[PDB]
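These numbers come from the heavy atoms of this one structure, side chains and all, not from hydrogens, waters or symmetry mates. For ligands, and for the atoms within them, numbers begin at 1 and follow the listed sequence. For the single chain, residues carry numbers from 1 onward in sequence order.
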Amino acid sequence: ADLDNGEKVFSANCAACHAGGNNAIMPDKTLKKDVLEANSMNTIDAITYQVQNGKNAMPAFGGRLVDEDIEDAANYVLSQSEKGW
Ligand code: HEC
């Protein structure tokens with residue numbers, strides 16, 4: 001399952017800084033619905049690019065994660081965001 005796979009990817013790669021949809025480094029850049037909309041990060045392309053390319057203290061995962069995992073993770077974040085985390 002892509003959403004099921006996205007969760008596995010999230011756990012092994014994203015929870016270190018975003019467990020529960022938060023942001024352990026920059027408290028304002030969370031994965032919550034309203035913040036994601038405010039930052040224009042609520043679409044699949046925008047999130048997959050940020051994951052692939054990284055940004056500031058967030059690492060780039062293009063090298064390490066295969067394209068499918070980056071997508072499934074993006075979708076996982078979006079669904080969780082809409083369910084409230
Ligand atoms: C800590 C070492 C991080 C890891 C591992 C991941 N992310 Fe991250 N993310 C982190 C920071 C410090 C920031 C803010 C970057 C900046 O300078 O603005 C982010 C941001 C995001 C966002 C955008 C959130 C928003 O705009 O409110 C997303 C969608 C995001 N991060 C996703 C994400 C995913 C899915 C990860 C696993 C592949 C991931 N991040 C890991 C820090 C860290």
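- Under the rule for a ring pair (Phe, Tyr, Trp, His ring centres under 6.0 Å), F61 has no partner lying at least two apart in sequence or in another chain.
- Each of the atoms 2 (C), 3 (C), 4 (C) of ligand 1 lies under 4.0 Å from some heavy atom of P59.
- Residue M41 has at least one heavy-atom neighbour below 4.0 Å for each of these atoms of ligand 1: 26 (O).
- The shortest contact between atom 17 (O) of ligand 1 and any protein heavy atom is with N56 CB, 3.4 Å.
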Review point. Yes or no on side-chain contact (heavy atoms from CB on, under 4.5 Å) for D2 and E71, after CA distance, side-chain angles and deciding distance?
Key: CA-CA 8 Å; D2 55 347; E71 204 134 32; over 6 Å; no

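- Looking from atom 16 (C) of ligand 1 to the surrounding protein, the closest heavy atom is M26 SD, 4.0 Å.
- Taking the six-membered ring for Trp and thresholds of 30 and 60 degrees, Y76 and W85 have ring planes more than 60 degrees apart, a perpendicular arrangement.
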Practice item. Could you please spell out the steps behind the side-chain contact (heavy atoms from CB on, under 4.5 Å) verdict for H18 and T30? Key: CA-CA 7 Å; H18 297 292; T30 65; over 6 Å; no

Practice item. Please report the C-alpha distance between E68 and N5 in whole Å, then the side-chain angles of each, then the deciding distance to 0.1 Å, and finally whether the side-chain contact (heavy atoms from CB on, under 4.5 Å) criterion is met. Key: CA-CA 9 Å; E68 173 220 347; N5 181 234; 3.5 Å; yes

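- Heavy-atom contacts of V35 reach the following atoms of ligand 1: 27 (O) (cutoff under 4.0 Å).
- Shown in contact with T30 at under 4.0 Å from a heavy atom are these atoms of ligand 1, numbered in order with element: 24 (C), 25 (C), 27 (O).
- Among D34, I47, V77, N39, the residue whose heavy atom lies closest to atom 25 (C) of ligand 1 is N39.
- Residue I44 places its CD1 atom among 12 or fewer non-hydrogen atoms of other residues, nucleotides or ligands, all under 6.0 Å distant.
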Check your understanding: Between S79 and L3, does a side-chain contact (heavy atoms from CB on, under 4.5 Å) hold up when you go through it step by step?
Key -> CA-CA 8 Å; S79 28; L3 228 24; 3.5 Å; yes

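- Remark: the backbone N or O of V9 is paired with a side-chain donor or acceptor of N13 at under 3.5 angstrom.
- The ligand atoms of ligand 1 that sit less than 4.0 angstrom from a heavy atom of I25 are 1 (C).
- Of all the heavy atoms of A38, none lies under 4.0 Å from any atom of ligand 1, so neither backbone nor side chain is involved.
- Applying the 6.0 Å contact sphere to CG of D28 captures more than 12 heavy atoms from other residues, nucleotides or ligands.
- Note on atom 8 (Fe) of ligand 1: protein N, O or S atoms under 2.8 Å away count 2, no waters included.
- More than 12 heavy-atom neighbours from other residues, nucleotides or ligands sit within 6.0 angstrom of CD on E7.
- Shown in contact with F61 at under 4.0 Å from a heavy atom are these atoms of ligand 1, numbered in order with element: 38 (C), 41 (C).
- Here the NZ atom belonging to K33 is positioned 14.5 Å from the NZ atom belonging to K83, to the nearest 0.5 angstrom.
- Distance from atom 5 (C) of ligand 1 to its nearest protein heavy atom, with residue and atom name: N13 O, 3.5 Å.
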